[PDB]
Every structure is written in C-alpha cells, then in structure tokens.
Amino acid sequence: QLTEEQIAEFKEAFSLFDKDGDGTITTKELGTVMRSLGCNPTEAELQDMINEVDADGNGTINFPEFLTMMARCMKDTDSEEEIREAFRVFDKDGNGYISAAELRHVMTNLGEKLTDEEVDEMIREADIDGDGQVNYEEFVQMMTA
Ligand SMILES: [Ca+2]
Ligand SMILES: [Ca+2]
Ligand SMILES: [Ca+2]
Ligand SMILES: [Ca+2]
C-alpha cells in the first residue's frame, strides 16, 4: 500500500515519462523512472519484476503496474535496510562476522535466555561456509528465509 502523497508523486514522475499520454511507458523507461524516484534495482531484479507484474511480456507497462512495482521496490529496500541495521547490532565490533559471543551478548541484553549450547547451535546452522561465524550473507539467509 502507498499513501495518497506517494501515489501523486509517482503519478507526476510517470506522466513525465509518458510524453505521448497513452497511459503506458516502455520497460526501458521503467528502469529510468524508478531510478529517478530513488529505486536502484539490478538488471536481474528489474527484469524479474517486469516478467512477474507484466504477464503479457509486451514491453510496455501501465500506471497501476508501475505503482505496484514502486510499492514492491520500496518494501524490498526497506527490508534490506532493516536487515543491515539488525546485522550492525549483532556484529558488535563491526568486523563483518557475528561470533557466538556476540550472538550471546545480544540474546542476553534482549531478555532472551538460552543455554550456550543453544547459542552455539543458532551459529552452527546459520554458519554455512563453516568458519564458526555468521557473515552478512549467511545472516540474510536466516532473516529472509
Ligand atoms: Ca507512453
Ligand atoms: Ca504489458
Ligand atoms: Ca563481529
Ligand atoms: Ca560462516
């Protein structure tokens, strides 16, 4: 869901790219307009968004489709940021790896009470590359999935 204000702003930007007024823009214009609004998807993310929202695959998208993608890109951008912030919290020394000690130092300060063996298990399962710690990627793997 978008607020009244965001929809009006998005409509103004969309109309700027819809010079002919036929109510649609090309998928190329889509990326350009999204970037002007502060959304920076990778080629892959953009294309998957397109194929997923634009079921006809004909190279043009309309205003409501555009709103739906701006909504999705905003949700995704907020999640990612929420996760990064969450990461910086666990990773106390900011060296890019969450150690067992740091996971503990957090469950404690949080209020959660867990036996060290259990603190170690969260790490063990999150730890994918087997270095005994959780890097950023292994972290987002636990958060998203
Ligand atoms: Ca147009
Ligand atoms: Ca279409
Ligand atoms: Ca650390
Ligand atoms: Ca690891």
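Atoms within a ligand are numbered from 1 in the order they appear, just like the ligands themselves. Along the sequence shown, residues carry numbers from 1. Atoms considered below: every heavy atom in the structure, side chains included; atoms not considered: hydrogens, waters and symmetry mates.
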**Q** Is the distance from the Ca ion (ligand 4) to the nearest N/O/S atom of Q133 under 3.0 Å?
**A** yes
**Q** Taking the six-membered ring for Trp, are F14 and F63 parallel (under 30°), tilted (30 to 60°) or perpendicular (over 60°)?
**A** tilted
**Q** With the Ca ion (ligand 4) as the reference point, give the N/O/S atom of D131 that is nearest.
**A** OD1
**Q** Relative to the Ca ion (ligand 4), which of the N, O or S atoms in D129 is the closest?
**A** OD1
**Q** Any donor-acceptor pair under 3.5 Å linking the side-chain atoms of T68 with those of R72?
**A** no
**Q** Is there side-chain contact between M49 and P41, with heavy atoms separated by less than 4.5 Å?
**A** no
**Q** Could you tell me whether the Ca ion (ligand 2) has an N, O or S atom of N62 under 3.0 Å away?
**A** no
**Q** With a cut-off of 3.0 Å, does any N, O or S atom of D56 fall short of it relative to the Ca ion (ligand 2)?
**A** yes
**Q** Taking 3.0 Å as the cut-off, does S99 contribute an N, O or S atom near the Ca ion (ligand 3), distance below it?
**A** no
**Q** Without swapping roles, check the side chain of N135 against the backbone of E138 for a donor-acceptor pair under 3.5 Å.
**A** yes
**Q** Considering only N, O or S atoms, which atom of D127 is nearest to the Ca ion (ligand 4)?
**A** OD1
**Q** Looking at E85 and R88, is there a salt bridge between them, counting it only when a charged N and a carboxylate O are closer than 4.0 Å?
**A** no
**Q** Need the atom name: nearest N/O/S atom of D91 to the Ca ion (ligand 3).
**A** OD1
**Q** Are more than 12 heavy atoms from other residues, nucleotides or ligands located less than 6.0 Å from atom OH of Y136?
**A** yes
**Q** With a 4.5 Å cut-off on side-chain heavy atoms, are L16 and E12 touching?
**A** no
**Q** For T115 and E117, which I'm curious about, is there any donor-acceptor pair between the side chains at under 3.5 Å?
**A** yes
**Q** Round to 10° and report the angle made at the Ca ion (ligand 3) by OE2 of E102 and OD1 of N95.
**A** 150°
**Q** Between the Ca ion (ligand 3) and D93, which N, O or S atom of the residue is the nearest one?
**A** OD1
**Q** Out of the N/O/S atoms in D54, what is the name of the one closest to the Ca ion (ligand 2)?
**A** OD1
**Q** Can you tell me if an N/O/S atom from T24 lies under 3.0 Å from the Ca ion (ligand 2)?
**A** no
